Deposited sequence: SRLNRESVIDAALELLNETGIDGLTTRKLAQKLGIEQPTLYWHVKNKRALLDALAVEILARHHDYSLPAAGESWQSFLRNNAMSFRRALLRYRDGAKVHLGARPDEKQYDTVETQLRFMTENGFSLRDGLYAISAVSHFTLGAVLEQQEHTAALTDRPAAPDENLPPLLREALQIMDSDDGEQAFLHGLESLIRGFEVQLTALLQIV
């Protein structure tokens, strides 16, 4: 079949949904594509390189809210961005694991950059903007990982574990997300006051 980048990634994503991250191999990708392994090697040098590309592509394809709208607030931006990031990570099997093992690609540099400039333009120091953005990313990645890796009791925990498996985790995610955002705002507004 065709072995241009876009096609190889299409097939590897399809493969990822079939096998998950641990079970994805270049050998099975060759098989899926109808080719021999040394043919694949010309195109894709190893699993690490494949996963690096999948991490970038998964965001490029599906992470629709990386940039703020004209005039949007920083609260609203972080909210929408977190929800988009969560959604994209959920779309493929082990997507958060794929995301974690990879590097902040040159092809996205300018996206991140803009997000950091945006925070700063709304009153955060670089440091605080970064921390805000990192806390959101880590909270979101954590919540998704636990959702995806989720694949006799005491009473509270019995009702916790029922409550906990009542939807996708969307409720607990969204509730935490507001908590975090309000905590950032309380910090931003305080300036040099003891808070």
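Asks: What gaps appear when the modelled C-alpha atoms are mapped onto the deposited sequence?
Replies: Sequence range with no C-alpha atoms is 152-163 alone.
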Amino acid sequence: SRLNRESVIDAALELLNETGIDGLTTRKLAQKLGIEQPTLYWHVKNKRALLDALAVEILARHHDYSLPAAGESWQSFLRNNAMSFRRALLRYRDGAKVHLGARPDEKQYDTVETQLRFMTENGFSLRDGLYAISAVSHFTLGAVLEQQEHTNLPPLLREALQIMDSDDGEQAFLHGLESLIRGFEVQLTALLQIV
From here on, numbers count along this sequence of modelled residues.
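Asks: Between 167-175 and 180-188, which has the larger average Cα B-factor in the PDB entry?
Replies: Averaging CA B-factors over each stretch, the winner is 167-175.
Asks: Determine, for stretches 54-62 and 142-150, which one has the higher mean CA B-factor as deposited.
Replies: Between 54-62 and 142-150, it is 142-150.
Asks: Using the entry's values, work out which of 88, 78, 100, 116 has the largest Cα B factor.
Replies: So the option with the highest C-alpha B-factor is 116.
Asks: Which one of 49, 40, 135, 157 shows the biggest C-alpha B-factor in the PDB entry?
Replies: By C-alpha B-factor in the record, 157 ranks first.
Asks: Which third of the chain holds residue 70 when residues are ordered by C-alpha B factor: lowest, middle or highest?
Replies: It belongs to the highest third of the chain when residues are ordered by C-alpha B-factor.
Asks: Which third of the chain does residue 29 land in by C-alpha B-factor: lowest, middle or highest?
Replies: Lowest third of the chain for residue 29's C-alpha B-factor.
Asks: Quick one: classify residue 35 as lowest, middle or highest third of the chain based on its Cα B-factor.
Replies: Within its chain, residue 35 is a middle-third residue by C-alpha B-factor, going by the deposited values.
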